[PDB]
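What follows is one structure encoded as structure tokens, with my remarks underneath.
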Amino acid sequence: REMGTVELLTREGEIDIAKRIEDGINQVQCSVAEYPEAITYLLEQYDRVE
DNA sequence: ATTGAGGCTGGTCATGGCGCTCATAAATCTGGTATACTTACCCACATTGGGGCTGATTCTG
């Protein structure tokens, strides 16, 4: 019953949801790249690798 | 009742198979990713409790 309360998608809905996911991921990526501590941790990890 | 020897009490010198410990290594055990399209399973009794009536005392239009 709980599963059938919802209706399946189509190709257009799948494309729209994928686009929304990509947009959210891009926004999160921009927000986390806008900080310098990310670059600091990247450099520290690269130094540890080297 | 002594002093002359055997049997038996003290320690020598390694000795030798056994057991714990180190290290190698291939077999065994774990985590991980696959892109034509696949969308709702398969007997008979006795007792107590819950729900729908059934009046029967209280109030009503």
Side-chain angles (χ1 to χ4, degrees):
Chain A
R1 298 209 247 105
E2 286 154 345
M3 189 270 291
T5 48
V6 312
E7 52 191 358
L8 76 160
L9 292 169
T10 54
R11 185 190 281 272
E12 262 91 346
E14 287 173 5
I15 294 309
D16 204 11
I17 295 192
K19 185 71 64 65
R20 274 157 66 198
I21 285 174
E22 274 197 351
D23 178 80
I25 284 177
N26 287 319
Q27 290 200 311
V28 165
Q29 279 226 353
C30 291
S31 280
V32 72
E34 213 188 305
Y35 213 73
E37 272 289 322
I39 296 307
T40 66
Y41 173 64
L42 193 139
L43 295 170
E44 285 172 350
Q45 209 274 323
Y46 192 51
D47 283 343
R48 297 283 79 77
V49 161
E50 294 294 304

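Residue numbering restarts at 1 for every chain, and letters A, B, ... go by the order of the sequence lines. As a basis for the values below, the full set of heavy atoms in this structure was taken, side chains included, without hydrogen atoms, waters or symmetry mates.
Taking atom CD of residue A:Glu14 and atom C1' of nucleotide B:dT39, one finds them 11 Å apart after rounding to whole Å. Look at CZ on A:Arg11: it is 15 Å from P on B:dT39, rounded to the nearest Å. With rounding to whole Å, A:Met3 atom CE is found 4 Å from B:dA40 atom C1'. Summarising the geometry, the separation between CZ on A:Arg1 and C1' on B:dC41 is reported as 15 Å, rounded to the nearest angstrom. For A:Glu2 and B:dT39, the CD to P distance is 23 Å, given to the nearest whole Å.
In this structure, A:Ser31 contributes its side chain and A:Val28 its backbone to no donor-acceptor pair below 3.5 Å. Formation of a donor-acceptor pair under 3.5 Å by the A:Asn26 side chain with backbone atoms of A:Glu22 is found in this model.
Proximity of A:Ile17 to A:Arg20: side-chain heavy atoms (C-beta onward) are separated by under 4.5 Å at one or more points.
Stacking between B:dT24 and B:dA25 holds, as the six-membered ring centres sit under 5.5 Å apart and the ring planes differ by under 30°. Bases of consecutive nucleotides B:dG17 and B:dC18 are stacked, their six-membered rings being centred less than 5.5 Å apart at a plane angle below 30°.
Sugar conformation, B:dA27: south. The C1'-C2'-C3'-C4' torsion carries a negative sign. South is the pucker assigned to the sugar of B:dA14, its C1'-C2'-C3'-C4' torsion being negative. For B:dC43, the sign convention on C1'-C2'-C3'-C4' gives a north pucker, since the angle is positive. Nucleotide B:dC8 carries a north-puckered sugar, as indicated by a positive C1'-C2'-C3'-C4' torsion. Here B:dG16 has a south sugar; its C1'-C2'-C3'-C4' angle has a minus sign.
In this structure, a donor-acceptor pair under 3.5 Å is absent between the side chains of A:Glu2 and A:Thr5.
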